[PDB]
Amino acid sequence: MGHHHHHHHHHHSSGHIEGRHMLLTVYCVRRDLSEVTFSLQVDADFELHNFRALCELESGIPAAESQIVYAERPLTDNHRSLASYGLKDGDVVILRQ
């Protein structure tokens, strides 16, 4: 005697979506030749305030001990969004510690 059955489970995916985002390149320079460059995914309306915090996170050096420059000018206004600086996909910023 005996009563057994078989069972299974499975999962699938379909479709593709990317939303709306953009990639910016960051080049962090230390005079100690510990300079590094990377890129970050951000929203168009992302604050410069939040963007510099992401730069601090990935670079491992405080934003408080550095300044960030774009189009040869420092980005002084934390309350400007990246799109308002014209910082669009593929553009590059330079951080100086």
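Name the pairs: first residue in segment 77-95 and closer than 18 Å to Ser66 by Cβ, second residue small (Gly, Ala, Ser) and surrounded by 15 or more Cβ atoms within 10 Å (Cβ to Cβ), Cβ to Cβ under 7 Å, at least 6 apart or on different chains?
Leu95/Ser59; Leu95/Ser66
Select, from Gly90, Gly60, the only residue that is within 16 Å of the chain's Cα centre (by Cα) and closer than 16 Å to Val42 by Cα.
One residue alone meets the criteria, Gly90.
Across segment 1-40, which residue is farthest from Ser81 (Cα to Cα) among those that are among the hydrophobic types (A, V, I, L, M, F, W, C) and part of a loop (DSSP other than H, G, I, E, B)?
Taking the candidates together, the pick is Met1.
Going by the structure shown, is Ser34 in contact with a strand residue (DSSP E or B) (Cβ under 8 Å, 6 or more places away or on another chain), over 16 Å from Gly90 (Cα atoms) and among the small types (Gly, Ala, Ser)?
Judged against the criteria, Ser34 is not a match.
Select from segment 75-97 the residues that are loosely packed, with under 12 Cβ neighbours inside 10 Å and part of a strand (DSSP E or B) and list them in ascending order.
Residues satisfying the conditions do not exist here.
When segment 75-97 is examined, which residues are found to be in contact with a helix residue (DSSP H, G or I) (Cβ under 9 Å, 6 or more places away or on another chain) and closer than 15 Å to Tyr27 by Cα?
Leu75, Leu87, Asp91, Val93, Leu95, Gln97
Select from segment 65-87 the residues that are hydrophobic (A, V, I, L, M, F, W, C) and on the phi > 0 side of the Ramachandran plot and list them in ascending order.
Of everything in segment 65-87, just one residue is hydrophobic (A, V, I, L, M, F, W, C) and on the phi > 0 side of the Ramachandran plot, namely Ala71.
Taking segment 57-74 as the search range and keeping residues that are of a type in the set (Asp, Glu) and either closer than 17 Å to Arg30 by Cα or in contact with a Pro (Cβ under 9 Å, 6 or more places away or on another chain) (or both), which one is surrounded by the most Cβ atoms within 10 Å (Cβ to Cβ)?
Top of the filtered list is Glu58.
Among the residues of segment 41-56, is any assigned to a strand (DSSP E or B), surrounded by fewer than 16 Cβ atoms within 10 Å (Cβ to Cβ), without any contact (Cβ under 8 Å) to a residue 24 or more places away in the chain and polar (S, T, N, Q)?
Yes, because at least one residue in segment 41-56 is assigned to a strand (DSSP E or B), surrounded by fewer than 16 Cβ atoms within 10 Å (Cβ to Cβ), without any contact (Cβ under 8 Å) to a residue 24 or more places away in the chain and polar (S, T, N, Q).
Just to verify a result, which residue in segment 27-57, among those that are of a type in the set (A, V, I, L, M) and over 9 Å from the mean Cα position of the chain (by Cα), is nearest to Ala71 (Cα to Cα)?
Per the stated criteria, the residue is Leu48.
Residue by residue through segment 1-38, note down the ones that are hydroxyl-bearing (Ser, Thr, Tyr) and surrounded by 14 or more Cβ atoms within 10 Å (Cβ to Cβ).
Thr25, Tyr27 - these are the residues of segment 1-38 that are hydroxyl-bearing (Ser, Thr, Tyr) and surrounded by 14 or more Cβ atoms within 10 Å (Cβ to Cβ).
Bear in mind that the values in this text are calculations on the coordinates, not laboratory data. Methodologically, a virtual Cβ is constructed for each residue, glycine included, from the backbone with ideal geometry; neighbour enumeration extends over all protein chains shown.
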